[PDB]
Engineer: 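Below is a structure I'd like to ask you about.
Labels below follow one simple rule: chain letters A, B, ... track the order of the sequence lines, proteins then strands, and each chain is numbered from 1. Because only heavy atoms are used, hydrogens play no part in the values below, and waters and symmetry mates are left out as well, while side chains stay in.
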Amino acid sequence: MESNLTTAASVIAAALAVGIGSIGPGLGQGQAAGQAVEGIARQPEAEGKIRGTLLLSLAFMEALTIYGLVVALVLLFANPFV
Amino acid sequence: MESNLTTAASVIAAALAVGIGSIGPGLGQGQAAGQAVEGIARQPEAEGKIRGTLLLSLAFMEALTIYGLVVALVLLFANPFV
Amino acid sequence: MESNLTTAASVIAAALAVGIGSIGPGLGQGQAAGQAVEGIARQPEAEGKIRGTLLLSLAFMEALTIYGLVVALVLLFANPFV
Amino acid sequence: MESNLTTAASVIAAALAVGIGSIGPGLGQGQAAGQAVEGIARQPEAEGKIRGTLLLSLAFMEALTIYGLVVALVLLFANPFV
Amino acid sequence: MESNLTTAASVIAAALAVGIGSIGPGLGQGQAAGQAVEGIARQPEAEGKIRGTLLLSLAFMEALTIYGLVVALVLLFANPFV
Amino acid sequence: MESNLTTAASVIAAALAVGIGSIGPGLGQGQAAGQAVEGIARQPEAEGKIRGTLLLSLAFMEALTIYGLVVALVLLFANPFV
Amino acid sequence: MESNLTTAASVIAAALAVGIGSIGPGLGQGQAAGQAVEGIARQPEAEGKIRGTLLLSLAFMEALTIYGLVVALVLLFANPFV
Amino acid sequence: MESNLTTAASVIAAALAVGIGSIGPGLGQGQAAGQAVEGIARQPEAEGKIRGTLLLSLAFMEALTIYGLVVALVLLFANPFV
Amino acid sequence: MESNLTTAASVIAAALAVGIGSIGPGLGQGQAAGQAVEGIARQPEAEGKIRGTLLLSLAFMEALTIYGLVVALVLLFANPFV
Amino acid sequence: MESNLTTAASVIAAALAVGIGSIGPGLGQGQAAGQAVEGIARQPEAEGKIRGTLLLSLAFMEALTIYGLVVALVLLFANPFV
Amino acid sequence: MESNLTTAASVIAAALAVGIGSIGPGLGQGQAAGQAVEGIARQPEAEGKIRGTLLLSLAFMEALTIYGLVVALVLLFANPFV
Amino acid sequence: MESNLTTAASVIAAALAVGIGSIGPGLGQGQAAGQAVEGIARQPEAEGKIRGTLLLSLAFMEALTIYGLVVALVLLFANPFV
Amino acid sequence: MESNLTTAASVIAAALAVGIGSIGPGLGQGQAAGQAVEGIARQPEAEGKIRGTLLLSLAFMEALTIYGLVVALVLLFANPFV
Amino acid sequence: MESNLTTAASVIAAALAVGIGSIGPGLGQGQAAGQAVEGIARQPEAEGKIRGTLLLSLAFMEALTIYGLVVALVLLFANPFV
Amino acid sequence: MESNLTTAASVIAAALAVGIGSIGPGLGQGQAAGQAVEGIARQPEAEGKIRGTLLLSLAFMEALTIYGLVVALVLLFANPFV
Ligand SMILES: OC[C@H]1O[C@H](O[C@H]2[C@H](O)[C@@H](O)[C@H](OCCCCC3CCCCC3)O[C@@H]2CO)[C@H](O)[C@@H](O)[C@@H]1O
Ligand SMILES: OC[C@H]1O[C@H](O[C@H]2[C@H](O)[C@@H](O)[C@H](OCCCCC3CCCCC3)O[C@@H]2CO)[C@H](O)[C@@H](O)[C@@H]1O
Ligand SMILES: OC[C@H]1O[C@H](O[C@H]2[C@H](O)[C@@H](O)[C@H](OCCCCC3CCCCC3)O[C@@H]2CO)[C@H](O)[C@@H](O)[C@@H]1O
Ligand SMILES: OC[C@H]1O[C@H](O[C@H]2[C@H](O)[C@@H](O)[C@H](OCCCCC3CCCCC3)O[C@@H]2CO)[C@H](O)[C@@H](O)[C@@H]1O
Ligand SMILES: OC[C@H]1O[C@H](O[C@H]2[C@H](O)[C@@H](O)[C@H](OCCCCC3CCCCC3)O[C@@H]2CO)[C@H](O)[C@@H](O)[C@@H]1O
Ligand SMILES: OC[C@H]1O[C@H](O[C@H]2[C@H](O)[C@@H](O)[C@H](OCCCCC3CCCCC3)O[C@@H]2CO)[C@H](O)[C@@H](O)[C@@H]1O
Ligand SMILES: OC[C@H]1O[C@H](O[C@H]2[C@H](O)[C@@H](O)[C@H](OCCCCC3CCCCC3)O[C@@H]2CO)[C@H](O)[C@@H](O)[C@@H]1O
Ligand SMILES: OC[C@H]1O[C@H](O[C@H]2[C@H](O)[C@@H](O)[C@H](OCCCCC3CCCCC3)O[C@@H]2CO)[C@H](O)[C@@H](O)[C@@H]1O
Ligand SMILES: OC[C@H]1O[C@H](O[C@H]2[C@H](O)[C@@H](O)[C@H](OCCCCC3CCCCC3)O[C@@H]2CO)[C@H](O)[C@@H](O)[C@@H]1O
Ligand SMILES: OC[C@H]1O[C@H](O[C@H]2[C@H](O)[C@@H](O)[C@H](OCCCCC3CCCCC3)O[C@@H]2CO)[C@H](O)[C@@H](O)[C@@H]1O
Ligand SMILES: OC[C@H]1O[C@H](O[C@H]2[C@H](O)[C@@H](O)[C@H](OCCCCC3CCCCC3)O[C@@H]2CO)[C@H](O)[C@@H](O)[C@@H]1O
Ligand SMILES: OC[C@H]1O[C@H](O[C@H]2[C@H](O)[C@@H](O)[C@H](OCCCCC3CCCCC3)O[C@@H]2CO)[C@H](O)[C@@H](O)[C@@H]1O
Ligand SMILES: OC[C@H]1O[C@H](O[C@H]2[C@H](O)[C@@H](O)[C@H](OCCCCC3CCCCC3)O[C@@H]2CO)[C@H](O)[C@@H](O)[C@@H]1O
Ligand SMILES: OC[C@H]1O[C@H](O[C@H]2[C@H](O)[C@@H](O)[C@H](OCCCCC3CCCCC3)O[C@@H]2CO)[C@H](O)[C@@H](O)[C@@H]1O
Ligand SMILES: OC[C@H]1O[C@H](O[C@H]2[C@H](O)[C@@H](O)[C@H](OCCCCC3CCCCC3)O[C@@H]2CO)[C@H](O)[C@@H](O)[C@@H]1O
C-alpha cells in the first residue's frame, strides 16, 4: 500500500520491541521459577506460599515484555505517522 | 508480487521477532526445567506440586516468545503497510 | 501521513527505550524473586516479611522499565517534533 | 525466477529465524536434560516421573525454535510479497 | 512541524538515556534485593534493619536511572536546540 | 548460469542457517551427555535408564539444527526464487 | 532553534554520558548493598557500622554517574559551542 | 574461471558453514569427553558403559558440524547457481 | 555559536571520557565496599581499620574517573582548538 | 596472476575456515585432556582406559577443524571458480 | 579557532585514552582493595602490613591510567601537530 | 612488486589464520597443562603417565594452529592466484 | 600546524596503545595484589617474602603497559613520518 | 618507499598476527603457571617434575604466538608481493 | 615529511600490536603471580622454588608482548615500506 522510510522503520521497530524485550524477562522468569521448584522439593508444605510469591513475580516480569508488545501493536495498528 | 523497502524490512523483522524472541525464554525454560527434574529426584513425593508450578512457569516464558510470533504473523499475514 | 528522518527515528527510538529498558530489570527481578522463594522455603513463617520486601523491590525495578515506556508513549502519542 | 531486495531479504530472514532461534532452546534443552540424567542416577526409581517432566519441558523449548521454522517456511513456500 | 538532524538525534538520544540507563541499576537492584530477602529468611528479627538499608540502597540506584529519565524529558519537553 | 543479489544471499543464508544453528544444540548436547556419563559412573545399574533419556534429549536438540539444515537444503536444491 | 552537526552530537553525547555512566555504578552499588544487608542479617548489632560504611560507599559510586549528569547538563544548558 | 558476486559469496559461505559450525560441537564434545574420563577414573569398571554412551554422544555432536561441511561441499562442488 | 567537526567531536569526547571512565571504577568500588561491609559484620571491632583502608581505596578508584572528568571539562571550558 | 573479487574472497575464506574452525575444538580438547590427566593422578591404574577414551575424543574434535582445513585446501588448490 | 581532521581526532583520542585506560585499573583496584579489607577483618593485627602492600599495589594500578592521562594532556596542551 | 585486491587480502588472511587460530588451542593447552601439574603435585608417582597423556594432548591442540600456519604459508609462499 | 591522515591516525594510535594496553595489566595486577594481601592476612610472618614476589610481578605487568606508553610517546614526540 | 593497498594491509596484518596471536597463549600460560606454583607449594618435593612438565607446556603455548611472529616478520622483511 | 595510506596504517598497526598484545599476557601474569603469593603464604619454606618457577613463567608471558613491541618498533624505526 505505502512504503517509505517510516513504514520500514516501523516494522523493524515492532520486532525489536518484542524480540529484545523478551531477553531479560525470559531469563529472569527461569531463574525465579527454578528457585521455586527447588524450594518446593525442599519444603512441599510451603508450596502454597511459594507459588503465590512466584506468580506475583512472574507477573511483574511478564509485564516488562508486554510493554514492548504494546509498542509493537501501536506501531502496527495505531501508527501515529503512517 | 511487490518488492519495496518495507516488504524487505517486514520479512527481516518477522525473523528477528521470533529468532531473538526465543533466546531468553529458551534459556529460562531450561533453567527452570533443570531445577524441576532435580527436585523430583530429591523428593519424588512432591512431583505433582513441582510439575504444576513448572507448567505455570513454562507458560509465562512461552508467552514471551509467542508475542514475537504474533508480531511476525501480523507482518506476514496482516501487514498494515504492504 | 508524514514520513521523514524524525518520524522514522522516533519509531526506532520508542522500541529501543522499552526493548533495552527491560533487560536489566527483567534479570534483576528474577534474581530477587528467586532468592525470595528460596527464603520462603527455608523459613515459611517469614513469608509475610519476605513478600513485602520483595514487592517493594519489584516495584523499584519495574519503574526503571516504565520510564522507557513513558518515553516510548511520548514519542508515539505526544511527539514534540513530528 | 525472481530477484529483488525482498527475495534476498527473505532468504536471509529464513536462515536467521531458524539459526538464531535455536540458540536459547538448544542451550536450555541441554541444561534440563543434564539435570534429568543426573537425577535418574541419583534416584533411578524416579525415572518415570523425571522423564515425563523432562519431555514436557523439551516440547516447550522445541516449540520456540519451531516458531522460527514456521516463519522460515512461510518465507520460502508461502511468501506474501514475492 | 519540524524534522532535521537534531530532532532525529534528540528522539534516539532520549531512548538511549533511559534504555541504557536502566541496565546497571536494574541488575544492581536485583542483587541487593535478593540478598535482602535471603537475609530476612535467615534472621527475621532483623527485617526492619534490613528493609531500611535496602530502601536507602534502592533509592541510590533508582536515582542513576532517573538522571537518564531527566535528560530524556529535557530532550522531549524542554529541548534547548529544536 | 546465474548470479544476482538473491543467489548471493541464498548461499550466505544457507551457511548461516547450519553454522549458527549448531551453536546452542552443540553446547547443549555436550552438557547433557557429560551429565549422563557422570551419572553412569555414579550409578552403573541405571545406565539403561540414563542412556534412554539421553537419547531422547539428543534427538530433540539435534532436530533444532536439522531445521537449519532443511532451510539450507531448500535454498540450495529447491530455491523458490532463483 | 538551531540544528547542525554539533547540536545533534550534543544531544547524543548527553544521553551517552548518563546512560553509559550509570552501568558500573549501578552494578557496584548493588554488590555493596547486597553484602551490607547480608551482613546485617549475620550481625544485626553491627547495623550502624555497616550502614555508615555503605552510605559512604554509595556516595562515592553515585558521584561517578553524577559526573556524567554534569556533562549532560552542561551540554544541554550551558553549551560552550552551540 | 568466473568471478561474480555469487562465486565470491559462495566461498565465504563455505568457510562460514564449517568454521562457525565447529564452535558449539567442539566445546560440547570437550565437556562430554571430560566428564567421561573423570567418570572412568571414578569407576573404572563402568568404562564400557561410559565409552558407549560417550561415543553415541560424540556422533550426535559431530553430525552437527558435518551438516556445515555438507553445505560447504555443495557450494564448492555442486553449486546450484554458479 | 560555532559548529564544525571539532566542536562535534569535542562534545562526544567529553561524554565518552566520563561515561566510559566510570565503568571500571564503579564496579571496583562496589567490589571493595561489599567486602568491607562483610568484614565489619564479621569483626565489628575492626571497623575503624576497615573503614580507613576502604576510604583510601575508594579515593584511588574515584580519581580514575575524575581524570575522565578533567578531560571532559577541558574540552568544554578550556578547549585548545575550538 | 589473476585478481578479482573471487580470488580475494577465496583467500579470506580459507583463513576464516581454519582460524575460526580451531576455536571450539581447541577449547574442547583442553577441557577433555585436563580431566584426563586429573583422572590419571586420581587413579593411575586407569591410565589405559582413560587414555583410550581421551584419544577417541581428541580425534572427534580434531576432525572438526580438519573440515575447515579441507575447505581451505579446496579453496586454494582445487578452486571451482578461479 | 582551528578545526580539521587532526583536531577532531585529538579530542576523541584524549577521551579514549583516559576513558578506556580506567577500565582495567578500576576493576583491579577493587579486587585488591576487597581482599585487603577482608584480610583486615580476618586478622586485624596485620592491618599495617596489609595496608602497606595494598598502597603499593594501588600505586602501580593507578599509574596505568595516569599514562592515559598523560597522553590526553599532551594531545590537549602540548599537541605536536595542531 | 604487485599490489591488487588479492595480494592485500592474502596478507590479511595469513595473519587471521595464525592469529585467530591460536586462541582456542592457546587457552586449551593452558587448561590441560594446569591440570597436569596439579596432578603431578597430587601424585608424583604418576608423573610419567601424566606427562605422556599431556604430550599427546598438546600435540593435538598444537596441530590445530599449525593448520592455520599452513594456510598462511601457502598464501605467502605458494599463492595460487597472485 | 599540519593536518593529514597520518597525524590524525597518529593521535588515535597513541591513545589506543596506552588505553587498550592498560586493560590486561590493570586486571592482572589486581588479581595478584588481592592474593598477596590475602596471603599476608593468612601468614603475617611471610610478609617480606610475599611483598618481594608481588613487587617483581607488578613490575613485569607494569612494563606491558609501558611498551604502549613508549609507542604513544614516539608517535607524539619522535614521529617518523609527520 | 612504496605505498599501496598491499603495503598498508601488510603492516596491519603484521600487528594483528602477533597482537591477536598472544591472547590465548598469554591466558593459557598464566593458567598453567599458576597451577604449577600452587602445586609446588603443596608438594615442594615434586618441584623438579612440575617444572619440567610446565616448561614443556610453556614451549608449546609460546610456539603458537611465534607462528604469528613468523608471519609478521615475513610480511615486514620477506614480503612476497610488495 | 610523509603522509599516505601506509604511514597511517603503520602508526595504527604499531599501537594495535602492543595494545592488543598486552591483554592475554597481562591477565595471565596476574593469575600466575596471584597463585605464587598464595603458595608462599601457604608454604613459606618453598618460596625459593615458587619464585624461580614464577620468574620463568613471567618471562615466557612477557615475551609474547615483546613480540608485539618488536613489530611496533620495526614499524616506527625500521619501516620497510615508508
Ligand atoms: O520515504 C523514503 C523515500 O526515500 C527513498 O530513498 C531511499 C534511500 O536512497 C535509501 O538510502 C533508503 O535505504 C536506506 C535506509 C536504511 C533502511 C532502514 C534502516 C533501519 C530502519 C529500518 C530500515 O531507502 C529509501 C527508500 O525508502 C526514495 O527516494 C523514495 O522512494 C522513498 O519514499
Ligand atoms: O525498485 C525500487 C523499489 O525499492 C525501493 O526501495 C529501495 C530503497 O530506496 C533502497 O535504498 C534500498 O537499498 C537499501 C538497502 C538496505 C537493506 C535493508 C536493511 C534493513 C531493512 C531491510 C533491508 O533498496 C530498495 C529496493 O527495493 C522502494 O521502496 C520501492 O517503492 C521500489 O519498488
Ligand atoms: O527527512 C525527510 C526525508 O526523508 C528521507 O530521508 C532519508 C532517506 O529516505 C533514508 O533512505 C536515509 O536513511 C539513512 C539511514 C538512517 C535511517 C534512520 C537511522 C536511525 C533510526 C531511524 C532510521 O536518510 C535520509 C535522511 O534524510 C528522504 O530524503 C525524503 O524522501 C524525505 O524528504
Ligand atoms: O532499482 C531497484 C534496485 O533494487 C535492487 O537493488 C538493490 C540491490 O539488489 C542491493 O544489493 C543493494 O543493497 C542491498 C543491501 C544488501 C542486501 C540486503 C541486505 C540486508 C539483508 C537482505 C539483503 O541495494 C539496491 C537498492 O538500493 C535490485 O537488485 C537492483 O537490481 C535494482 O537496481
Ligand atoms: O540540520 C538538519 C539537516 O538534516 C538533513 O541533513 C542530513 C540528514 O539528517 C540526512 O539526510 C543525512 O543524515 C542521516 C543519517 C544520520 C541519521 C542519524 C544517525 C544517528 C542520530 C539519529 C539519526 O545527512 C544529511 C546531510 O545533509 C537535511 O539534509 C538538512 O536539510 C537539514 O537541515
Ligand atoms: O537482483 C540482482 C541484482 O544484483 C545486482 O545489484 C546489486 C548487486 O548485488 C551489488 O552490485 C550491490 O550489492 C552488493 C552488496 C551486497 C552483497 C550481499 C550482502 C549480504 C547478502 C549476500 C551478499 O548492489 C547492487 C545494486 O544494483 C546487479 O546490479 C543487478 O543487475 C542484479 O539484477
Ligand atoms: O553543509 C554542512 C552540513 O552540516 C550538517 O550536515 C551533516 C548532516 O546533518 C549529518 O546527518 C551527516 O552525517 C552526520 C553523522 C550522523 C549524525 C551524527 C553521528 C554521530 C553522533 C552525532 C550525530 O553529515 C553532514 C555533514 O557531512 C547539516 O545538518 C547539513 O544541513 C549541512 O549540509
Ligand atoms: O557480479 C558480477 C560482478 O562482480 C563485481 O561486483 C562486485 C564488485 O566487484 C565488488 O567490489 C563489490 O563487493 C562489495 C562487498 C561485498 C562482497 C561480498 C560480500 C559478502 C561475502 C562475499 C563478498 O560488489 C559488487 C557486487 O556486484 C563487479 O561489479 C563486476 O566485475 C562483475 O561483473
Ligand atoms: O558546515 C560545514 C561545517 O562542518 C565541517 O565539518 C563537516 C565535515 O566535513 C563532515 O565530514 C561532517 O560529517 C561527518 C559526520 C561524522 C560524525 C562525527 C563522528 C565522530 C565525531 C563526531 C561526529 O560534518 C561536518 C559538518 O559540521 C567543518 O569542520 C566546519 O568548518 C564547517 O563549519
Ligand atoms: O572482479 C572484481 C572487479 O571489480 C573491481 O571493482 C572493485 C570494487 O570497486 C571495490 O568495491 C571492491 O572492493 C570492495 C570489496 C570488498 C573486499 C572483499 C570483502 C570480503 C571478501 C574479501 C574481500 O574491489 C573491486 C576490485 O576487485 C574492478 O572494477 C575490477 O578490476 C575487478 O576485477
Ligand atoms: O582537515 C580536514 C579537511 O577535510 C574536510 O573534509 C571532511 C570530509 O569530507 C569528511 O569525510 C570528514 O569527516 C569524516 C571523518 C571521520 C571523523 C573522525 C573519525 C574518528 C576520528 C575523529 C573524527 O571531515 C572532513 C572535515 O574535517 C574539508 O574538506 C575541510 O574543511 C577539512 O579541513
Ligand atoms: O591500482 C588498482 C589496483 O587495485 C585493484 O583493487 C582495488 C579495488 O578495486 C578497490 O576496491 C580496493 O579498495 C577496497 C578496500 C578494501 C580493503 C580490503 C578489505 C579486506 C580485504 C583486504 C583489504 O583497493 C584496491 C587497490 O589495490 C585491483 O585489484 C588491481 O588489479 C589494481 O592493480
Ligand atoms: O591526508 C591529507 C588530507 O587529509 C584529509 O583527508 C582525510 C579527510 O579529511 C577525512 O575526512 C577522511 O577521514 C575518513 C575517516 C578516517 C579518519 C581516520 C581513521 C583512523 C583513525 C584516524 C582518523 O579521510 C581523508 C583521508 O585522506 C583531506 O583529504 C585533506 O584536507 C588533506 O589534504
Ligand atoms: O588507484 C588505486 C588506489 O590504490 C590505493 O587506493 C586505496 C586507498 O589507499 C585506500 O585508503 C582506500 O581504502 C582502503 C581501505 C582502508 C585501508 C585498508 C583497510 C583494511 C586493512 C588494510 C588497510 O581504497 C583505495 C582503493 O579503492 C592507493 O593508495 C590510491 O592512491 C589509489 O587511488
Ligand atoms: O598510498 C597512499 C595514498 O593515500 C591516499 O589514498 C587514500 C587515503 O588514505 C584516504 O583518502 C582514503 O582512505 C582513508 C580511509 C582509511 C584510513 C585507514 C583505515 C585503517 C588504517 C589506518 C587509516 O582513500 C584514499 C584512496 O585514494 C591518497 O589519496 C593518495 O594520494 C596516497 O598516495
Engineer: Need one label for M/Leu69: side chain, backbone, both or neither, based on atoms under 4.5 Å from any heavy atom in chain K.
Structural biologist: side chain
Engineer: In terms of heavy-atom pairs under 4.5 Å with chain M, which of K/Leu56, K/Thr65, K/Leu5, K/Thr53 leads?
Structural biologist: K/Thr53
Engineer: For K/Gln43 and M/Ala41, work out which heavy atoms get closest and say how close.
Structural biologist: CB-O, 3.6 Å
Engineer: Would you please test M/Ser22 and K/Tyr67 for side-chain contact (heavy atoms from CB on, under 4.5 Å) and show each step?
Structural biologist: CA-CA 9 Å; M/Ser22 67; K/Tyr67 301 152; over 6 Å; no
Engineer: Of all the heavy-atom pairs spanning K/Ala13 and M/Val11, show the shortest one and how long it is.
Structural biologist: CB-O, 3.3 Å
Engineer: How close do K/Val82 and M/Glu2 get, counting heavy atoms only, and between which atoms?
Structural biologist: CG1-O, 3.9 Å
Engineer: Identify the heavy atoms of K/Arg42 and M/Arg42 that sit nearest to each other, and give their distance.
Structural biologist: NE-CA, 4.5 Å
Engineer: Which pair of non-hydrogen atoms, one from K/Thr6 and one from M/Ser3, has the smallest distance, and what is that distance?
Structural biologist: OG1-OG, 2.9 Å
Engineer: Check the pair M/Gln29, K/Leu64 against side-chain contact (heavy atoms from CB on, under 4.5 Å), reporting the backbone distance first and the verdict last.
Structural biologist: CA-CA 10 Å; M/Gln29 285 183 345; K/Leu64 301 173; 3.5 Å; yes
Engineer: Check the pair M/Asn4 / K/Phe81 against side-chain contact (heavy atoms from CB on, under 4.5 Å), numbers first and verdict last.
Structural biologist: CA-CA 9 Å; M/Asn4 52 51; K/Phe81 310 125; over 6 Å; no
Engineer: Using a cut-off of under 4.5 Å on heavy-atom pairs, state which of K/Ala15, K/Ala78, K/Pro25, K/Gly26 scores highest against chain M.
Structural biologist: K/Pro25
Engineer: Picking from K/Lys49, K/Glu45, K/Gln31, which has the most non-hydrogen pairs under 4.5 angstrom with chain M?
Structural biologist: K/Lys49
Engineer: Could you tell me which portion of M/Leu54 (side chain, backbone, both or neither) has an atom closer than 4.5 angstrom to a non-hydrogen atom of chain K?
Structural biologist: side chain
Engineer: Determine the option with the most heavy-atom pairs under 4.5 angstrom with chain M, choosing from K/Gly34, K/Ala32, K/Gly68.
Structural biologist: K/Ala32
Engineer: Can you tell which part of K/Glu47 gets under 4.5 Å to a heavy atom of chain M, answering side chain, backbone, both or neither?
Structural biologist: neither
Engineer: At what distance, to the nearest 0.5 angstrom, does CG of M/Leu27 lie from CE of K/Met61?
Structural biologist: 10.0 Å
Engineer: For chain K, find which of M/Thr7, M/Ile40, M/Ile23, M/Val18 contributes the most heavy-atom pairs closer than 4.5 angstrom.
Structural biologist: M/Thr7
Engineer: What part of M/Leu75 is in contact with chain K, defined as an atom under 4.5 angstrom from a non-hydrogen atom: side chain, backbone, both or neither?
Structural biologist: backbone
